[PDB]
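First to last, the sequence lines map onto chains Q, s, E, F and G.
Using PDB author numbering, you'd call the opening residue of the first sequence number 47 and step up by one each time.
Using PDB author numbering, you'd call the opening residue of the second sequence number 30 and step up by one each time.
Using PDB author numbering, you'd call the opening residue of the third sequence number 5 and step up by one each time.
Using PDB author numbering, you'd call the opening residue of the fourth sequence number 10 and step up by one each time.
Using PDB author numbering, you'd call the opening residue of the fifth sequence number 7 and step up by one each time.
Every residue, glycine too, gets a C-beta built ideally from N, C-alpha and C.
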Amino acid sequence: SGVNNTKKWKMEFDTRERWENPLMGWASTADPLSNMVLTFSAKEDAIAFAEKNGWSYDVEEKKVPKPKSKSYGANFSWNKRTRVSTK
Amino acid sequence: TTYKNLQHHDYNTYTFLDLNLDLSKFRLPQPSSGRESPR
Amino acid sequence: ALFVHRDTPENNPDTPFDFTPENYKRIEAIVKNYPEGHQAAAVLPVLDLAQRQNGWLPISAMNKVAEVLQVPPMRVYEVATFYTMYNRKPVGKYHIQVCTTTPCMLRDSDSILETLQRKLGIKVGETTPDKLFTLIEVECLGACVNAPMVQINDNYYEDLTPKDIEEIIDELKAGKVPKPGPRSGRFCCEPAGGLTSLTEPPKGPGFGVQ
Amino acid sequence: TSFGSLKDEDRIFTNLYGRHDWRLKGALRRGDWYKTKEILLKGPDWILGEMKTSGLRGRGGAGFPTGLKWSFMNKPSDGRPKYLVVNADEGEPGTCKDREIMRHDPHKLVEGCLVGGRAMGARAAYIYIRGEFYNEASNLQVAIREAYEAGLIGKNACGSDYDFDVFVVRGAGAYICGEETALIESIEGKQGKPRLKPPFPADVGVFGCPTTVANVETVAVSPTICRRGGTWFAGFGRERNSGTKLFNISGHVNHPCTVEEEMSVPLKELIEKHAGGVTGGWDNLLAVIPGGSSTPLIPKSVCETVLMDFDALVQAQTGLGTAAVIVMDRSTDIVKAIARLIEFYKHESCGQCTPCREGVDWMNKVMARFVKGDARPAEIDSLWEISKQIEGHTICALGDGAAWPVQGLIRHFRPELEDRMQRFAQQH
Amino acid sequence: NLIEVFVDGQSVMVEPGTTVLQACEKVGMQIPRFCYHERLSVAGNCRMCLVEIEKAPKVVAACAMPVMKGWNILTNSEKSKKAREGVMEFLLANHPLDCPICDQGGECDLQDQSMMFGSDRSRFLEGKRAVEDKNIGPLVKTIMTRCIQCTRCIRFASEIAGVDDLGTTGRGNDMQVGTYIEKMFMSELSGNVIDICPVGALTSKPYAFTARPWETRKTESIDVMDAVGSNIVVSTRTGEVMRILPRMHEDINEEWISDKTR
Ligand SMILES: Cc1cc2nc3c(=O)[nH]c(=O)nc-3n(C[C@H](O)[C@H](O)[C@H](O)COP(=O)(O)O)c2cc1C
Ligand code: SF4
Ligand code: SF4
Ligand code: SF4
Ligand code: FES
Ligand code: FES
């Protein structure tokens, strides 16, 4: 339930071939970038870096929670349906 | 003088409920939450 | 103790149980003490009632109560495990229980507990093979003044010593319904021997009035 | 003044020892149900002002001014009805008083419930008692049968048009249920588990309907206050500790007893005047428990010369509660006594609060080790720190009830423990 | 209609019927959590959400208390940190030493909160407790000597899935959480108590014993088992799938997904 990860803006690459070695069974790769994750503090700056290095960027906008009204006392209500059968 | 509350030595294990059953004729109608139940 | 259910051949949902018609009368009268909706308060006294109809509370009884009151049965199981008096395991004829809390203790509940154990031959946490007397040690019961006391099925017996309890025990092993109350001369709660209060009669309805 | 030294004409709870009858007849004779109709006419505000003038405080637990506790609820209604509840429960070790009040004075209790419901514009009163008190619930239900059949209760209360109802309830053998909120929850059928303050029963609670809670003694005395004047009552007590009181003396005493008395009275006078004297000789006395398990002990140096009231006990670092005076002497393991007192809680803690559920048992085990000294000292300070961790970080006062005894035992009687430990080490 | 607060001097505007914790969130300071989940009801069992309230002595629980105009809150102060230390000492008194085995090894809210807000050792030279394990289904592997008794499962069930079979049975340390019988808690939504129970008590049987989180390269995808659009986190390992998780979309799946797709 931690929220010190949903603070940054991260740049990753699409994935690529990731097969199994025949000798023992490890996982190899033809691409070096697969594990190149980069940090940023702003979408504008990230976009600047991306379009600067020339790649083709695609965004995933921010999914932010909503605010809610937790009138605890409601659990112990009279007319409502919220009334729980537990404690 | 002498202890007086000796009218329960014969109170079996049903008297409270028999009394409730009798009083339920003298009680008043309980309020209605306008509902079946909160489920 | 245990707070779990293993379906033995004696305690299973098919176990025999049912609510008599007069029990149903009492049910209706009870539930008519509470509002339309919020008709679950019946649970506690209903279960005490089923206990009085048969000393022990089985899975089948719980399910029957839940179906009667139209309630999820876990809200019955929770209660049956929470409260004590609700006997979930079979009980004998006399559900003896003795206070061990500090006052009764320092006024020697231990001697009487020991004499009771020695008399019935059996130890706390079990009963006779004939399934007659179930002994327990428990906490306070409201007799913290007539300290050394007991409870049996519904009545108390206070301010007593090993001789007194042995007498009562043989008296009960005989088919007797003894008289509920202290057994050390005192009547209800007064200081033994003599008094210092309520010696003079009371005053009249109108007194000290504004 | 030297308080106490009371008159059995002012002592209220007559028939205490059941030497008279407890029916409607003997009650009317004693002075029950006198112009209750005129009172219902006078209405709530006058009653509340009378109680405030009296300055009464509460018996159950800490002293919360009843006048304010009830003004909280004095209010119009919005369809949501309003209920009263009576905490007849009695499990706090050393308390045998409400049981007597009921089996010997039920009509007065009903009268008080009625007056309180009228003050709060109520509809009914739920009297919640334990399960072991089947005889008492029976006597009380019988008295209510008589009252209904007479006409002092129900549709027409006593001649007015006030519709009031009384209902009785048994628990199942729990103690926590004697708490202002888990009581309500047990009534509703939910497990006997408390709630969070806020919100408060005085605005939200039982069946989601506003309600008030009250102790049997308070509800039973309020009518006598209202019909006698209040100022006279307050005159029998100090500025804040006003009123008479019930005491229950038990333990190491020639003649244990239940008694009525005045507030702010010397404990020494109390014990040596009634009860026929302390056992084995005063000097054999070691310490006391003036409020049952919900309070910590105090040794000779303050058991003597002290008063008895919420204030001047707080100053003494303790509380009063139910006035369950236990007494001991130099013949008991204080440690074994207190360890059993704490195992009581370890058995009768509901469990939903983490500190309760996981610290009460810690305490019980560490004290069971202290019993035999198979430990080492600094566990003492560890336990003290645990208690200070628990105190405020819970819901119901039971946390303080479980901590306070240990705090007092360890602020007073450390050398006993230290010597037990050194002696056990000697014995290997 | 608004209401004011001054946290650490810092000011905030909120609504009524609000909570200390939602305010501290509006500001940014995350408050601890054991018995809270924005998509559930509220209780005060855990008692780790405690804070200090300037001008008032006693601590409160920021999961239930509604904020009163003019309060200065204090989160990282002395009484608060001490409360948390004590509370976690209590919890970890009995939580057995199954951290390695516990499939929730690197994601354990309790691990993290002990490492950060708790203390550095236990003053518990005493014995622990254990409890029987329950069979509840072929999906939800139950160990129950780890339930800190937060009640998340209970509330989630009794509210979302309308099951009404789970509950607490007992009082004191002897308490347990689970049906009183060998019933089966199978439902289209059984399979989120896994993500909700912060501890590794209700683990997933298939994934169990197969891998750990940090090893994984969490990619992001969706579901096709139904036409809903449940955003999903697909966990990889050395070029292979190992587990599936929900992904928070406040509209479509809202931190809940189906047994089938997972
Ligand atoms: C844990 C606990 C147990 C209690 N048990 C009893 C009891 O058994 N009998 C009683 O008369 N009061 C008991 N009380 C006192 C209650 O606090 C009281 O009924 C109510 O909360 C306050 O009512 P009052 O202000 O009129 O005294 C208990 C309180 C607590 C916290
Ligand atoms: S402090 Fe203990 S007894 Fe009181 S509500 Fe919390 S867990 Fe229950
Ligand atoms: S939940 Fe798992 S990782 Fe966390 S403390 Fe318990 S055993 Fe250790
Ligand atoms: S099993 Fe998990 S979710 Fe359920 S009460 Fe215990 S810790 Fe909370
Ligand atoms: S001291 Fe034994 S009943 Fe309370
Ligand atoms: S988060 Fe507040 S007590 Fe659990």
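Pair within 8 Å by beta-carbon distance, residue i and residue j
| i | j | result |
| --- | --- | --- |
| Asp-52(E) | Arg-108(F) | no |
| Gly-103(F) | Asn-257(F) | yes |
| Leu-110(E) | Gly-290(F) | no |
| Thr-148(G) | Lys-140(G) | yes |
| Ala-284(F) | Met-337(F) | no |
| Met-254(G) | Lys-112(Q) | no |
| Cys-218(F) | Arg-32(F) | no |
| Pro-186(E) | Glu-162(E) | yes |
| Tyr-92(F) | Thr-220(F) | yes |
| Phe-176(F) | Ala-133(F) | yes |
| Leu-57(s) | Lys-164(F) | yes |
| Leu-48(E) | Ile-100(E) | no |
| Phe-173(F) | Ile-185(F) | no |
| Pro-182(E) | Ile-169(E) | no |
| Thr-81(G) | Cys-30(G) | yes |
Buried or exposed (CB count within 10 angstroms, at least 16 for buried), residue i
| i | result |
| --- | --- |
| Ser-231(F) | buried |
| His-9(E) | buried |
| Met-82(Q) | exposed |
| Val-213(E) | exposed |
| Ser-131(Q) | buried |
| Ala-44(E) | buried |
| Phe-216(F) | buried |
| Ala-89(G) | buried |
| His-402(F) | buried |
| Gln-435(F) | exposed |
| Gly-168(F) | exposed |
Residue i beta carbon near ligand 7 (any heavy atom closer than 7 Å)
| i | result |
| --- | --- |
| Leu-145(E) | With respect to small molecules bound, the structure shown includes ligand 1, ligand 2, ligand 3, ligand 4, ligand 5 and ligand 6 and not ligand 7. |
| message | Please list, in chain order, the residues of the stretch 356-374 of chain F that have any C-beta partner in chain G closer than 7 Å. | response | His-356, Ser-358, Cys-359, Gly-360, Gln-361, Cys-362, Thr-363, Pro-364, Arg-366, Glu-367, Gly-368, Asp-370, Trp-371, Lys-374
| Would you call the stretch 367-378 of chain F and the stretch 316-333 of chain F touching, i.e. three or more CB-CB distances under 8 Å? | no
| task | Quick one: which unbroken alpha helix (DSSP H) runs of 4-plus residues sit fully inside the stretch 248-329 of chain F? Chain order, please. | result | 276-282, 309-312, 319-322
| message | Whether or not the stretch 34-53 of chain s and the stretch 25-41 of chain E are in contact is what I'm after, with contact meaning three or more pairs of Cβ atoms, one per stretch, closer than 8 Å; do they touch? | response | yes
| request: Enumerate, from N- to C-terminal direction, the unbroken beta strand (DSSP E) stretches of 3 or more residues contained entirely within the stretch 42-105 of chain E. | output: 98-103
| query | Could you give the uninterrupted runs of the beta strand (DSSP E) lying entirely in the stretch 149-194 of chain F, keeping only those of 3 residues or more? | reply | 174-179
| task | Kindly confirm or deny that the stretch 66-76 of chain F and the stretch 144-153 of chain F touch, where touching means at least three C-beta pairs closer than 8 Å. | result | no
| message | Taking contact to mean 3 or more Cβ pairs, one atom from each stretch, closer than 8 Å, check whether the stretch 268-285 of chain F and the stretch 27-46 of chain F are in contact. | response | no
| message | Tell me which residues of the stretch 406-429 of chain F have at least one Cβ-Cβ distance to chain Q shorter than 7 Å, keeping chain order. | response | none
| request: Indicate whether the contact test is met: 3 or more Cβ pairs, each with one atom in the stretch 116-134 of chain G and one in the stretch 74-93 of chain G, closer than 8 Å. | output: yes
| Using 8 Å as the Cβ pair cut-off and three pairs as the minimum, do the stretch 15-26 of chain G and the stretch 83-97 of chain Q touch? | no
| What residues in the stretch 88-100 of chain E have a beta carbon less than 9 Å from any beta carbon of chain F? | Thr-88, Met-89, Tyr-90
| request: Could you run through the stretch 73-84 of chain E and flag, in chain order, every residue whose CB is less than 9 Å away from some CB of chain Q? | output: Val-75, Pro-76, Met-78, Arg-79, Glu-82
| Taking any Cβ of chain G, which residues in the stretch 21-54 of chain F have a Cβ under 8 Å from it, in chain order? | none
| field | Inter-stretch contact (C-beta, 8 Å, three-pair minimum) for the stretch 120-131 of chain F and the stretch 231-251 of chain F | value | yes
| field | Against chain E: residues of the stretch 173-205 of chain F by CB proximity under 8 Å | value | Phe-176, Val-178, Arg-179, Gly-180, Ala-181, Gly-182, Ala-183, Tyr-184, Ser-195, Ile-196, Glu-197, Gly-198, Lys-199, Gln-200, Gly-201
| query | Mind listing which residues of the stretch 92-119 of chain F have their C-beta closer than 7 Å to chain E's C-betas, in chain order? | reply | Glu-99, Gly-100, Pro-102, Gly-103, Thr-104, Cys-105, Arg-108, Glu-109
| said: For the pair the stretch 166-177 of chain G and the stretch 189-203 of chain G, tell me if three or more CB-CB distances fall below 8 Å. | reply: yes
| field | Under 7 Å (Cβ pairs) to chain Q, residues found in the stretch 25-58 of chain G | value | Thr-25, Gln-28, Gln-36, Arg-39, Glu-44, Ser-47, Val-48
| said: For the stretch 102-123 of chain Q, list every residue whose C-beta sits within 8 Å of some C-beta in chain E, in sequence order. | reply: none
| request: Report yes or no: do the stretch 369-384 of chain F and the stretch 410-429 of chain F share at least 3 C-beta pairs separated by less than 8 Å? | output: yes
| Looking at chain s, which residues of the stretch 143-170 of chain F have a Cβ within less than 9 Å of any of its Cβ atoms? | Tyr-143, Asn-144, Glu-145, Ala-146, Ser-147, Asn-148, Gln-150, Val-151, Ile-153, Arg-154, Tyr-157, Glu-158, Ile-162, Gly-163, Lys-164
| query | Does the stretch 297-305 of chain F touch the stretch 320-340 of chain F, meaning 3 or more C-beta pairs lie closer than 8 Å? | reply | yes
| request: Could you list the residues in the stretch 141-167 of chain E with a C-beta less than 7 Å from some C-beta on chain s, going in chain order? | output: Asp-158
| said: Any contact between the stretch 179-199 of chain F and the stretch 51-64 of chain F? By contact I mean 3 or more CB pairs, one from each, below 8 Å. | reply: no
| message | Pairs of beta-carbons, one from the stretch 80-87 of chain E and one from the stretch 131-149 of chain E, closer than 8 Å: are there three or more? | response | no
| field | Inter-stretch contact at 8 Å, needing at least 3 Cβ pairs: the stretch 73-81 of chain Q / the stretch 257-268 of chain G | value | no
| request: Taking a Cβ distance cut-off of 7 Å, strictly less, list which residues of the stretch 84-103 of chain G are near chain F, in chain order. | output: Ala-89, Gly-92, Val-93, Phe-96, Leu-97, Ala-99, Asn-100
| Can you give, in chain order, each stretch of the alpha helix (DSSP H) that sits fully within the stretch 175-238 of chain G and has at least 4 residues? | 199-202
| Meets three-Cβ-pair contact criterion under 8 Å: the stretch 197-206 of chain F and the stretch 345-363 of chain F | yes
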